[PDB]
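One structure below.
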Amino acid sequence: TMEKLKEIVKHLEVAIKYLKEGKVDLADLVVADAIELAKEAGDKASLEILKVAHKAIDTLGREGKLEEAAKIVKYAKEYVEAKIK
Amino acid sequence: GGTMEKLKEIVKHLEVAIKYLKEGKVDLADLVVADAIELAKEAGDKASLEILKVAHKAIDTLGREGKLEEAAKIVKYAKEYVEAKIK
Amino acid sequence: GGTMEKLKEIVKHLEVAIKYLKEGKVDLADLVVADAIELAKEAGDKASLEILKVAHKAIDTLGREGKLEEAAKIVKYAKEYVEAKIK
Ligand SMILES: [Zn+2]
Ligand SMILES: [Zn+2]
Ligand SMILES: [Zn+2]
């Protein structure tokens, strides 16, 4: 599916936007929503990366880094964009 | 699947989604509609799930463009349909 | 069900929920509890899933009506049950 892998990228840009101002919880919820949308597509190589990004938020952004978790979210978004093209 | 037991929580979620959509909050309303969709996948039903998915895509398209009125209208229509499905 | 690193995620989400409920934000606490439920249904624990659903419904019903202390108590009991399950 190509029309449901562009909503994931649209949420992954809000996630980074929140992560750049300390909104770790809202970014967590956005990534959870993206995982929920990715569970509905036929892709089983981008859902795992989204789960990795969510766990990255949990174990890397709540401790005050906020620079590396954003990087993991950017890597996930770039992987999804590479996949849709 | 739901007789104003698990189908009335969706209405209380949609109301807060509409309230969020009013002032400026597209993202919180989107998250609320996603929660309502997650609730609707458990309480059986097929029409409510589709209408809530339509409302979610409506949030995504209309709300972030700047047309909050259209997104509020679509979520209101979905809430009214869900309310008329529990009667 | 999914033991550590799957249930501690739920515990941390419940801690965030309790933090939010003490300030007055019922909608964000609702969303994070829904996220914690979504983390369940994957670990394999069913009692934990049922208690998370109980906590979600409790947060809605009793905290949207201004009784935040009792909703915080219910979420604390849910978190204590999940912690007692990982040990
Ligand atoms: Zn989460
Ligand atoms: Zn969404
Ligand atoms: Zn909820």
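In the structure tokens, chains take the letters A, B, ... in the order shown, each chain's residues start at 1, and ligands count up from 1 in the order shown.
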
Q: Could you list, as a PyMOL selection string, the residues of chain B having an atom within 9 Å of chain A when counting only C-alpha atoms?
A: chain B and resi 27-28+31+34-35+38+57+60

Q | Residue hits in chain B, query chain C, radius 12 Å, only C-alpha atoms, as a PyMOL selection string | A | chain B and resi 5-6+8-17+19-20+27-39+42

Q | Contacts of residue 73 in chain B at 10 Å (only C-alpha atoms; same-chain gap of 4+ positions) as a list in words | A | residues 18, 55, 58, 68, 69, 77, 78 and 79 of chain B

Atoms to include: N, CA, C and O atoms. Write the selected residues as a compact mmCIF listing (two decimals), in the first residue's frame.
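result18.txt, freshly written:
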```txt
# COMPACT_ATOMS: atom_id res chain seq x y z
N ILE B 18 -13.92 17.10 18.71
CA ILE B 18 -14.49 18.31 18.13
C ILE B 18 -14.06 19.54 18.93
O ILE B 18 -13.71 20.58 18.36
N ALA B 55 -13.36 9.91 9.21
CA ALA B 55 -13.16 11.10 10.03
C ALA B 55 -11.67 11.34 10.30
O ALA B 55 -11.22 12.49 10.32
N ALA B 58 -10.15 12.72 7.33
CA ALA B 58 -10.65 14.08 7.23
C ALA B 58 -9.83 15.02 8.11
O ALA B 58 -9.51 16.13 7.69
N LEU B 68 -10.34 23.98 9.44
CA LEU B 68 -10.82 23.32 10.64
C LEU B 68 -12.33 23.16 10.66
O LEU B 68 -12.84 22.23 11.29
N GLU B 69 -13.06 24.05 9.98
CA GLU B 69 -14.51 23.97 9.96
C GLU B 69 -14.99 22.70 9.27
O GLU B 69 -15.91 22.03 9.74
N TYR B 77 -20.60 14.86 11.91
CA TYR B 77 -21.42 13.89 11.19
C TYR B 77 -21.14 12.47 11.66
O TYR B 77 -22.07 11.67 11.82
N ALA B 78 -19.87 12.13 11.89
CA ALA B 78 -19.53 10.81 12.41
C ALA B 78 -20.12 10.59 13.80
O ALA B 78 -20.66 9.51 14.09
N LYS B 79 -20.03 11.60 14.67
CA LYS B 79 -20.60 11.49 16.00
C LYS B 79 -22.12 11.33 15.94
O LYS B 79 -22.69 10.54 16.70
```

After a least-squares superposition on chain C using every in-order C-alpha pair, I'd like chain B written out as a PDB file with N, CA and C atoms, in the first residue's frame.
```
ATOM      1  N   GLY B   1       4.594 -13.486  27.653  1.00  0.00           N
ATOM      2  CA  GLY B   1       4.469 -12.200  26.994  1.00  0.00           C
ATOM      3  C   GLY B   1       4.962 -11.044  27.841  1.00  0.00           C
ATOM      4  N   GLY B   2       6.244 -10.729  27.715  1.00  0.00           N
ATOM      5  CA  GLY B   2       6.841  -9.648  28.467  1.00  0.00           C
ATOM      6  C   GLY B   2       7.374 -10.099  29.817  1.00  0.00           C
ATOM      7  N   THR B   3       8.655  -9.813  30.033  1.00  0.00           N
ATOM      8  CA  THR B   3       9.341 -10.166  31.269  1.00  0.00           C
ATOM      9  C   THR B   3      10.141  -8.952  31.727  1.00  0.00           C
ATOM     10  N   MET B   4       9.466  -7.802  31.811  1.00  0.00           N
ATOM     11  CA  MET B   4      10.080  -6.491  31.997  1.00  0.00           C
ATOM     12  C   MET B   4      10.802  -6.147  30.696  1.00  0.00           C
ATOM     13  N   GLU B   5      10.247  -6.625  29.583  1.00  0.00           N
ATOM     14  CA  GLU B   5      10.729  -6.274  28.253  1.00  0.00           C
ATOM     15  C   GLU B   5       9.662  -5.457  27.536  1.00  0.00           C
ATOM     16  N   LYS B   6       8.457  -6.017  27.432  1.00  0.00           N
ATOM     17  CA  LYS B   6       7.289  -5.308  26.925  1.00  0.00           C
ATOM     18  C   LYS B   6       6.254  -5.071  28.017  1.00  0.00           C
ATOM     19  N   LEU B   7       6.552  -5.494  29.250  1.00  0.00           N
ATOM     20  CA  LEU B   7       5.647  -5.286  30.372  1.00  0.00           C
ATOM     21  C   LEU B   7       6.188  -4.238  31.337  1.00  0.00           C
ATOM     22  N   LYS B   8       7.354  -3.659  31.041  1.00  0.00           N
ATOM     23  CA  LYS B   8       7.907  -2.566  31.827  1.00  0.00           C
ATOM     24  C   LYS B   8       7.662  -1.231  31.136  1.00  0.00           C
ATOM     25  N   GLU B   9       7.443  -1.238  29.822  1.00  0.00           N
ATOM     26  CA  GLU B   9       6.993  -0.066  29.083  1.00  0.00           C
ATOM     27  C   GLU B   9       5.591   0.355  29.502  1.00  0.00           C
ATOM     28  N   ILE B  10       4.733  -0.620  29.813  1.00  0.00           N
ATOM     29  CA  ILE B  10       3.396  -0.319  30.314  1.00  0.00           C
ATOM     30  C   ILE B  10       3.475   0.437  31.633  1.00  0.00           C
ATOM     31  N   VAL B  11       4.422   0.064  32.498  1.00  0.00           N
ATOM     32  CA  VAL B  11       4.583   0.769  33.766  1.00  0.00           C
ATOM     33  C   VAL B  11       5.060   2.202  33.565  1.00  0.00           C
ATOM     34  N   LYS B  12       6.020   2.425  32.666  1.00  0.00           N
ATOM     35  CA  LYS B  12       6.472   3.775  32.361  1.00  0.00           C
ATOM     36  C   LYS B  12       5.397   4.621  31.696  1.00  0.00           C
ATOM     37  N   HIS B  13       4.447   3.975  31.030  1.00  0.00           N
ATOM     38  CA  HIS B  13       3.331   4.705  30.448  1.00  0.00           C
ATOM     39  C   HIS B  13       2.348   5.059  31.555  1.00  0.00           C
ATOM     40  N   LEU B  14       2.061   4.098  32.430  1.00  0.00           N
ATOM     41  CA  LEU B  14       1.118   4.342  33.515  1.00  0.00           C
ATOM     42  C   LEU B  14       1.611   5.429  34.459  1.00  0.00           C
ATOM     43  N   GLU B  15       2.925   5.516  34.680  1.00  0.00           N
ATOM     44  CA  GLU B  15       3.449   6.580  35.530  1.00  0.00           C
ATOM     45  C   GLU B  15       3.187   7.954  34.922  1.00  0.00           C
ATOM     46  N   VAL B  16       3.418   8.104  33.616  1.00  0.00           N
ATOM     47  CA  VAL B  16       3.171   9.393  32.975  1.00  0.00           C
ATOM     48  C   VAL B  16       1.673   9.673  32.904  1.00  0.00           C
ATOM     49  N   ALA B  17       0.856   8.622  32.797  1.00  0.00           N
ATOM     50  CA  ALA B  17      -0.592   8.802  32.845  1.00  0.00           C
ATOM     51  C   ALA B  17      -1.027   9.348  34.199  1.00  0.00           C
ATOM     52  N   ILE B  18      -0.465   8.801  35.280  1.00  0.00           N
ATOM     53  CA  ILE B  18      -0.767   9.311  36.615  1.00  0.00           C
ATOM     54  C   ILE B  18      -0.302  10.755  36.753  1.00  0.00           C
ATOM     55  N   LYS B  19       0.891  11.063  36.239  1.00  0.00           N
ATOM     56  CA  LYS B  19       1.390  12.433  36.328  1.00  0.00           C
ATOM     57  C   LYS B  19       0.475  13.401  35.586  1.00  0.00           C
ATOM     58  N   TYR B  20      -0.012  13.000  34.409  1.00  0.00           N
ATOM     59  CA  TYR B  20      -0.953  13.835  33.668  1.00  0.00           C
ATOM     60  C   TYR B  20      -2.267  13.998  34.422  1.00  0.00           C
ATOM     61  N   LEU B  21      -2.768  12.915  35.025  1.00  0.00           N
ATOM     62  CA  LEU B  21      -4.036  12.971  35.745  1.00  0.00           C
ATOM     63  C   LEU B  21      -3.997  13.928  36.925  1.00  0.00           C
ATOM     64  N   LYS B  22      -2.813  14.213  37.461  1.00  0.00           N
ATOM     65  CA  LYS B  22      -2.710  15.002  38.680  1.00  0.00           C
ATOM     66  C   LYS B  22      -3.163  16.440  38.460  1.00  0.00           C
ATOM     67  N   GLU B  23      -2.452  17.189  37.616  1.00  0.00           N
ATOM     68  CA  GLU B  23      -2.757  18.608  37.475  1.00  0.00           C
ATOM     69  C   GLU B  23      -4.135  18.870  36.869  1.00  0.00           C
ATOM     70  N   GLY B  24      -4.311  18.627  35.571  1.00  0.00           N
ATOM     71  CA  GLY B  24      -5.625  18.772  34.970  1.00  0.00           C
ATOM     72  C   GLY B  24      -5.928  17.901  33.767  1.00  0.00           C
ATOM     73  N   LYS B  25      -4.970  17.084  33.336  1.00  0.00           N
ATOM     74  CA  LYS B  25      -5.031  16.522  31.990  1.00  0.00           C
ATOM     75  C   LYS B  25      -5.680  15.144  31.941  1.00  0.00           C
ATOM     76  N   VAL B  26      -7.005  15.112  31.779  1.00  0.00           N
ATOM     77  CA  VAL B  26      -7.715  13.842  31.650  1.00  0.00           C
ATOM     78  C   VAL B  26      -7.492  13.231  30.272  1.00  0.00           C
ATOM     79  N   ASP B  27      -7.486  14.063  29.228  1.00  0.00           N
ATOM     80  CA  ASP B  27      -7.482  13.544  27.861  1.00  0.00           C
ATOM     81  C   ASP B  27      -6.132  12.942  27.491  1.00  0.00           C
ATOM     82  N   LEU B  28      -5.041  13.624  27.842  1.00  0.00           N
ATOM     83  CA  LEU B  28      -3.718  13.071  27.576  1.00  0.00           C
ATOM     84  C   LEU B  28      -3.493  11.776  28.344  1.00  0.00           C
ATOM     85  N   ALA B  29      -3.954  11.716  29.596  1.00  0.00           N
ATOM     86  CA  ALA B  29      -3.857  10.479  30.364  1.00  0.00           C
ATOM     87  C   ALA B  29      -4.677   9.365  29.724  1.00  0.00           C
ATOM     88  N   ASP B  30      -5.863   9.697  29.212  1.00  0.00           N
ATOM     89  CA  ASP B  30      -6.682   8.706  28.520  1.00  0.00           C
ATOM     90  C   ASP B  30      -5.960   8.166  27.294  1.00  0.00           C
ATOM     91  N   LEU B  31      -5.332   9.056  26.524  1.00  0.00           N
ATOM     92  CA  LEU B  31      -4.579   8.624  25.350  1.00  0.00           C
ATOM     93  C   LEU B  31      -3.402   7.741  25.746  1.00  0.00           C
ATOM     94  N   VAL B  32      -2.728   8.084  26.846  1.00  0.00           N
ATOM     95  CA  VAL B  32      -1.596   7.287  27.312  1.00  0.00           C
ATOM     96  C   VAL B  32      -2.051   5.893  27.728  1.00  0.00           C
ATOM     97  N   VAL B  33      -3.178   5.803  28.439  1.00  0.00           N
ATOM     98  CA  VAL B  33      -3.696   4.495  28.836  1.00  0.00           C
ATOM     99  C   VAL B  33      -4.132   3.695  27.614  1.00  0.00           C
ATOM    100  N   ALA B  34      -4.677   4.365  26.596  1.00  0.00           N
ATOM    101  CA  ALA B  34      -5.007   3.667  25.357  1.00  0.00           C
ATOM    102  C   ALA B  34      -3.756   3.104  24.694  1.00  0.00           C
ATOM    103  N   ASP B  35      -2.669   3.879  24.691  1.00  0.00           N
ATOM    104  CA  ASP B  35      -1.399   3.384  24.166  1.00  0.00           C
ATOM    105  C   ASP B  35      -0.907   2.176  24.958  1.00  0.00           C
ATOM    106  N   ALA B  36      -1.025   2.231  26.286  1.00  0.00           N
ATOM    107  CA  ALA B  36      -0.613   1.101  27.114  1.00  0.00           C
ATOM    108  C   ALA B  36      -1.456  -0.139  26.835  1.00  0.00           C
ATOM    109  N   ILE B  37      -2.759   0.035  26.613  1.00  0.00           N
ATOM    110  CA  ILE B  37      -3.611  -1.090  26.234  1.00  0.00           C
ATOM    111  C   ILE B  37      -3.167  -1.668  24.897  1.00  0.00           C
ATOM    112  N   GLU B  38      -2.843  -0.802  23.933  1.00  0.00           N
ATOM    113  CA  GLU B  38      -2.359  -1.284  22.643  1.00  0.00           C
ATOM    114  C   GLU B  38      -1.067  -2.077  22.802  1.00  0.00           C
ATOM    115  N   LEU B  39      -0.186  -1.630  23.699  1.00  0.00           N
ATOM    116  CA  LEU B  39       1.031  -2.384  23.992  1.00  0.00           C
ATOM    117  C   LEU B  39       0.740  -3.719  24.665  1.00  0.00           C
ATOM    118  N   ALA B  40      -0.262  -3.778  25.543  1.00  0.00           N
ATOM    119  CA  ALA B  40      -0.577  -5.004  26.264  1.00  0.00           C
ATOM    120  C   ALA B  40      -1.262  -6.052  25.401  1.00  0.00           C
ATOM    121  N   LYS B  41      -1.894  -5.651  24.298  1.00  0.00           N
ATOM    122  CA  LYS B  41      -2.483  -6.612  23.376  1.00  0.00           C
ATOM    123  C   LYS B  41      -1.439  -7.358  22.559  1.00  0.00           C
ATOM    124  N   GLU B  42      -0.200  -6.868  22.523  1.00  0.00           N
ATOM    125  CA  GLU B  42       0.865  -7.508  21.762  1.00  0.00           C
ATOM    126  C   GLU B  42       1.710  -8.442  22.620  1.00  0.00           C
ATOM    127  N   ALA B  43       1.952  -8.080  23.876  1.00  0.00           N
ATOM    128  CA  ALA B  43       2.776  -8.891  24.771  1.00  0.00           C
ATOM    129  C   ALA B  43       1.944  -9.912  25.540  1.00  0.00           C
ATOM    130  N   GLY B  44       1.144 -10.688  24.811  1.00  0.00           N
ATOM    131  CA  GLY B  44       0.361 -11.754  25.414  1.00  0.00           C
ATOM    132  C   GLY B  44      -0.481 -11.272  26.574  1.00  0.00           C
ATOM    133  N   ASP B  45      -0.593 -12.111  27.606  1.00  0.00           N
ATOM    134  CA  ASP B  45      -1.306 -11.718  28.834  1.00  0.00           C
ATOM    135  C   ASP B  45      -2.802 -11.502  28.679  1.00  0.00           C
ATOM    136  N   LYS B  46      -3.551 -11.771  29.744  1.00  0.00           N
ATOM    137  CA  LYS B  46      -4.983 -11.504  29.692  1.00  0.00           C
ATOM    138  C   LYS B  46      -5.436 -10.655  30.872  1.00  0.00           C
ATOM    139  N   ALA B  47      -4.779 -10.811  32.023  1.00  0.00           N
ATOM    140  CA  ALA B  47      -5.165 -10.045  33.201  1.00  0.00           C
ATOM    141  C   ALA B  47      -4.728  -8.589  33.110  1.00  0.00           C
ATOM    142  N   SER B  48      -3.519  -8.332  32.604  1.00  0.00           N
ATOM    143  CA  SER B  48      -3.056  -6.957  32.457  1.00  0.00           C
ATOM    144  C   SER B  48      -3.914  -6.191  31.462  1.00  0.00           C
ATOM    145  N   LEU B  49      -4.316  -6.844  30.371  1.00  0.00           N
ATOM    146  CA  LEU B  49      -5.176  -6.194  29.388  1.00  0.00           C
ATOM    147  C   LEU B  49      -6.504  -5.782  30.011  1.00  0.00           C
ATOM    148  N   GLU B  50      -7.119  -6.686  30.777  1.00  0.00           N
ATOM    149  CA  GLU B  50      -8.386  -6.365  31.425  1.00  0.00           C
ATOM    150  C   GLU B  50      -8.219  -5.254  32.454  1.00  0.00           C
ATOM    151  N   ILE B  51      -7.135  -5.284  33.232  1.00  0.00           N
ATOM    152  CA  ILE B  51      -6.952  -4.256  34.252  1.00  0.00           C
ATOM    153  C   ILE B  51      -6.702  -2.895  33.605  1.00  0.00           C
ATOM    154  N   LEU B  52      -6.002  -2.867  32.466  1.00  0.00           N
ATOM    155  CA  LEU B  52      -5.800  -1.597  31.774  1.00  0.00           C
ATOM    156  C   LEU B  52      -7.084  -1.098  31.123  1.00  0.00           C
ATOM    157  N   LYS B  53      -7.930  -2.002  30.623  1.00  0.00           N
ATOM    158  CA  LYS B  53      -9.234  -1.575  30.123  1.00  0.00           C
ATOM    159  C   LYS B  53     -10.086  -0.991  31.246  1.00  0.00           C
ATOM    160  N   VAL B  54     -10.040  -1.613  32.427  1.00  0.00           N
ATOM    161  CA  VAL B  54     -10.748  -1.074  33.586  1.00  0.00           C
ATOM    162  C   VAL B  54     -10.220   0.312  33.930  1.00  0.00           C
ATOM    163  N   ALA B  55      -8.896   0.482  33.883  1.00  0.00           N
ATOM    164  CA  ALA B  55      -8.306   1.791  34.157  1.00  0.00           C
ATOM    165  C   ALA B  55      -8.741   2.828  33.126  1.00  0.00           C
ATOM    166  N   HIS B  56      -8.834   2.430  31.856  1.00  0.00           N
ATOM    167  CA  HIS B  56      -9.282   3.347  30.811  1.00  0.00           C
ATOM    168  C   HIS B  56     -10.718   3.805  31.051  1.00  0.00           C
ATOM    169  N   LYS B  57     -11.612   2.854  31.336  1.00  0.00           N
ATOM    170  CA  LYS B  57     -12.989   3.223  31.652  1.00  0.00           C
ATOM    171  C   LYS B  57     -13.054   4.066  32.919  1.00  0.00           C
ATOM    172  N   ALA B  58     -12.135   3.834  33.857  1.00  0.00           N
ATOM    173  CA  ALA B  58     -12.049   4.644  35.064  1.00  0.00           C
ATOM    174  C   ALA B  58     -11.678   6.080  34.723  1.00  0.00           C
ATOM    175  N   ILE B  59     -10.730   6.264  33.806  1.00  0.00           N
ATOM    176  CA  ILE B  59     -10.380   7.603  33.343  1.00  0.00           C
ATOM    177  C   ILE B  59     -11.635   8.255  32.787  1.00  0.00           C
ATOM    178  N   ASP B  60     -12.309   7.551  31.877  1.00  0.00           N
ATOM    179  CA  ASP B  60     -13.482   8.097  31.204  1.00  0.00           C
ATOM    180  C   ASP B  60     -14.565   8.521  32.190  1.00  0.00           C
ATOM    181  N   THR B  61     -14.883   7.655  33.150  1.00  0.00           N
ATOM    182  CA  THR B  61     -15.942   7.932  34.114  1.00  0.00           C
ATOM    183  C   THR B  61     -15.519   8.947  35.171  1.00  0.00           C
ATOM    184  N   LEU B  62     -14.520   8.596  35.983  1.00  0.00           N
ATOM    185  CA  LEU B  62     -14.171   9.414  37.139  1.00  0.00           C
ATOM    186  C   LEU B  62     -13.472  10.705  36.730  1.00  0.00           C
ATOM    187  N   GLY B  63     -12.521  10.623  35.796  1.00  0.00           N
ATOM    188  CA  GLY B  63     -11.654  11.761  35.537  1.00  0.00           C
ATOM    189  C   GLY B  63     -12.390  12.974  35.001  1.00  0.00           C
ATOM    190  N   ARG B  64     -13.296  12.766  34.044  1.00  0.00           N
ATOM    191  CA  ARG B  64     -13.985  13.898  33.438  1.00  0.00           C
ATOM    192  C   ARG B  64     -15.153  14.388  34.288  1.00  0.00           C
ATOM    193  N   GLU B  65     -15.601  13.586  35.256  1.00  0.00           N
ATOM    194  CA  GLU B  65     -16.598  14.066  36.209  1.00  0.00           C
ATOM    195  C   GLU B  65     -16.020  15.167  37.089  1.00  0.00           C
ATOM    196  N   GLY B  66     -14.758  15.023  37.481  1.00  0.00           N
ATOM    197  CA  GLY B  66     -14.115  15.967  38.370  1.00  0.00           C
ATOM    198  C   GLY B  66     -13.389  15.261  39.495  1.00  0.00           C
ATOM    199  N   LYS B  67     -13.550  13.941  39.557  1.00  0.00           N
ATOM    200  CA  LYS B  67     -12.920  13.124  40.591  1.00  0.00           C
ATOM    201  C   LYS B  67     -11.612  12.541  40.058  1.00  0.00           C
ATOM    202  N   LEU B  68     -10.614  13.421  39.948  1.00  0.00           N
ATOM    203  CA  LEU B  68      -9.297  12.998  39.488  1.00  0.00           C
ATOM    204  C   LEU B  68      -8.593  12.100  40.495  1.00  0.00           C
ATOM    205  N   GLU B  69      -8.903  12.239  41.785  1.00  0.00           N
ATOM    206  CA  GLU B  69      -8.254  11.416  42.801  1.00  0.00           C
ATOM    207  C   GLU B  69      -8.605   9.944  42.627  1.00  0.00           C
ATOM    208  N   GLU B  70      -9.878   9.650  42.349  1.00  0.00           N
ATOM    209  CA  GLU B  70     -10.289   8.263  42.152  1.00  0.00           C
ATOM    210  C   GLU B  70      -9.645   7.661  40.908  1.00  0.00           C
ATOM    211  N   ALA B  71      -9.582   8.427  39.815  1.00  0.00           N
ATOM    212  CA  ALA B  71      -8.920   7.938  38.611  1.00  0.00           C
ATOM    213  C   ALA B  71      -7.438   7.692  38.851  1.00  0.00           C
ATOM    214  N   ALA B  72      -6.774   8.593  39.577  1.00  0.00           N
ATOM    215  CA  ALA B  72      -5.372   8.381  39.917  1.00  0.00           C
ATOM    216  C   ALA B  72      -5.200   7.135  40.773  1.00  0.00           C
ATOM    217  N   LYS B  73      -6.119   6.903  41.713  1.00  0.00           N
ATOM    218  CA  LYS B  73      -6.056   5.702  42.542  1.00  0.00           C
ATOM    219  C   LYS B  73      -6.192   4.440  41.697  1.00  0.00           C
ATOM    220  N   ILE B  74      -7.133   4.439  40.751  1.00  0.00           N
ATOM    221  CA  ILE B  74      -7.341   3.254  39.920  1.00  0.00           C
ATOM    222  C   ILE B  74      -6.126   2.994  39.036  1.00  0.00           C
ATOM    223  N   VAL B  75      -5.566   4.049  38.437  1.00  0.00           N
ATOM    224  CA  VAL B  75      -4.382   3.854  37.604  1.00  0.00           C
ATOM    225  C   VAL B  75      -3.192   3.416  38.451  1.00  0.00           C
ATOM    226  N   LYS B  76      -3.078   3.924  39.682  1.00  0.00           N
ATOM    227  CA  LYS B  76      -2.021   3.469  40.577  1.00  0.00           C
ATOM    228  C   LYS B  76      -2.173   1.991  40.901  1.00  0.00           C
ATOM    229  N   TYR B  77      -3.405   1.542  41.155  1.00  0.00           N
ATOM    230  CA  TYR B  77      -3.632   0.125  41.422  1.00  0.00           C
ATOM    231  C   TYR B  77      -3.287  -0.734  40.212  1.00  0.00           C
ATOM    232  N   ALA B  78      -3.647  -0.282  39.009  1.00  0.00           N
ATOM    233  CA  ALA B  78      -3.283  -1.023  37.804  1.00  0.00           C
ATOM    234  C   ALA B  78      -1.770  -1.087  37.620  1.00  0.00           C
ATOM    235  N   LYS B  79      -1.077   0.031  37.856  1.00  0.00           N
ATOM    236  CA  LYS B  79       0.377   0.042  37.748  1.00  0.00           C
ATOM    237  C   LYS B  79       1.012  -0.885  38.775  1.00  0.00           C
ATOM    238  N   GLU B  80       0.484  -0.894  40.001  1.00  0.00           N
ATOM    239  CA  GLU B  80       1.014  -1.780  41.031  1.00  0.00           C
ATOM    240  C   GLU B  80       0.791  -3.243  40.671  1.00  0.00           C
ATOM    241  N   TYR B  81      -0.376  -3.570  40.111  1.00  0.00           N
ATOM    242  CA  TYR B  81      -0.616  -4.941  39.672  1.00  0.00           C
ATOM    243  C   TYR B  81       0.354  -5.345  38.569  1.00  0.00           C
ATOM    244  N   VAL B  82       0.576  -4.459  37.594  1.00  0.00           N
ATOM    245  CA  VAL B  82       1.499  -4.786  36.510  1.00  0.00           C
ATOM    246  C   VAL B  82       2.921  -4.930  37.038  1.00  0.00           C
ATOM    247  N   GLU B  83       3.320  -4.076  37.984  1.00  0.00           N
ATOM    248  CA  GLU B  83       4.635  -4.183  38.604  1.00  0.00           C
ATOM    249  C   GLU B  83       4.798  -5.472  39.397  1.00  0.00           C
ATOM    250  N   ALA B  84       3.758  -5.911  40.100  1.00  0.00           N
ATOM    251  CA  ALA B  84       3.793  -7.161  40.843  1.00  0.00           C
ATOM    252  C   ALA B  84       3.632  -8.381  39.948  1.00  0.00           C
ATOM    253  N   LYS B  85       3.258  -8.193  38.684  1.00  0.00           N
ATOM    254  CA  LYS B  85       3.199  -9.302  37.742  1.00  0.00           C
ATOM    255  C   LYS B  85       4.514  -9.535  37.006  1.00  0.00           C
ATOM    256  N   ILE B  86       5.489  -8.627  37.130  1.00  0.00           N
ATOM    257  CA  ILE B  86       6.803  -8.848  36.537  1.00  0.00           C
ATOM    258  C   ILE B  86       7.819  -9.348  37.553  1.00  0.00           C
ATOM    259  N   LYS B  87       7.395  -9.632  38.780  1.00  0.00           N
ATOM    260  CA  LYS B  87       8.285 -10.168  39.802  1.00  0.00           C
ATOM    261  C   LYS B  87       8.033 -11.658  39.998  1.00  0.00           C
TER     262      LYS B  87
END
```

Q.
Excluding residue 50 in chain A and its own-chain neighbours fewer than 3 positions away, which residues fall within 7 Å of it when counting only C-alpha atoms? Please give them as a list in words.
A.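 Everything that qualifies: residues 35, 46, 47, 53, 54 and 76 of chain A.
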
Q. Quick one: residues within 7 Å of residue 73 in chain A, only C-alpha atoms counted, chain neighbours fewer than 4 positions away excluded, as a list in words?
A.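 That gives residues 12, 16, 53, 69 and 77 of chain A.
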
Same residues, C-alpha atoms, saved as a PDB file, in the first residue's frame:
```
ATOM      1  CA  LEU A  12       6.598  11.129  11.689  1.00  0.00           C
ATOM      2  CA  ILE A  16      10.092  15.269  15.257  1.00  0.00           C
ATOM      3  CA  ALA A  53      11.560   4.356  16.986  1.00  0.00           C
ATOM      4  CA  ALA A  69      15.683   9.977  19.573  1.00  0.00           C
ATOM      5  CA  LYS A  77      10.832   8.521   8.283  1.00  0.00           C
TER       6      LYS A  77
END
```
